[PDB]
């Protein structure tokens, strides 16, 4: 029903998902003219991020990205409610243009981006219910650049061959999800925005960490080449590349920083 390329791509999302042409759209370019330091922003705390190795967590190719289900005990503290892991997923580019982050910083794309999606567990019973309601969701964005091999991201990437096609699922043993975050999480950008995919609901509080993490060139190539958007038995298989939205207009509004 929607894609990132061709007729059903992002310029046409608004047809069946009005909100994709509505208010508070994400992602955005983070640049000096729209930033303002807010001394009252607090470091987040990641409570229940260290998942038991004796437990397993479902990895799914949903046709648009790869997601890992996360438990609702996993949560935070630092916003104006409690916000609870639902899943994480990634966005990336392609081997010819390996620059597929969603947010940009001073016009620069990063190689990829990790999103850790939570929901307002104080106001709503689950993520789906929260998704189209006030204050529903909160997403952590980690920018990814090419560099040294990252064993923590390999805890995900080493399973990708078991979820090659849409609808395929496989389990991942628990590991410490905090290992996927950067240094100095205390420094971040924060703004009110949207889901970056249909239905584009304007109900997410974004936190984009200032500092990127690194993965190796080999890990990045593996991610860009592992997956397909189509199901087994689809007559036209389509490789899963360039699964990021273009940056949106951001006018008469501010991104707040926890760093001066």
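Residue numbers count along the first chain shown, from 1. Superpose the two forms; the largest set of C-alphas matching within 1.5 Å is the rigid core.
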>> Stretch 247-255 versus stretch 8-16: after rigid core alignment, which one is farther off in C-alpha RMS in 8 other deposited structures of this protein?
In response: 247-255
> Hey, after superposing on the core, which one moves around more in 8 other deposited structures of this protein, 31-39 or 229-237, CA-wise?
Replying inline: 229-237
> Which is higher on average in the deposited entry, the C-alpha temperature factors of 184-192 or of 142-150?
Replying inline: 184-192
> Should the higher mean CA B-factor in the entry be assigned to 233-241 or to 21-29?
Replying inline: 233-241
>> Highest Cα temperature factor in the entry, among the options 161, 96, 134, 86: which one is it?
In response: 86
> Checking the entry, which one of 123, 116, 177, 112 has the top C-alpha B factor?
Replying inline: 177
> residue 166: which third of its chain by C-alpha temperature factor?
Replying inline: lowest
> So where's residue 200 on the chain's Cα temperature factor ranking, which third?
Replying inline: middle
>> Looking at the temperature factor on the CA atom of residue 228, which third of the chain's modelled residues does it land in?
In response: lowest
>> Going by the CA temperature factor in the PDB record, which third of the chain does residue 72 belong to: lowest, middle or highest?
In response: highest
>> Using the temperature factors of the C-alpha atoms in this entry, rank residue 100 within its chain: lowest, middle or highest third.
In response: lowest
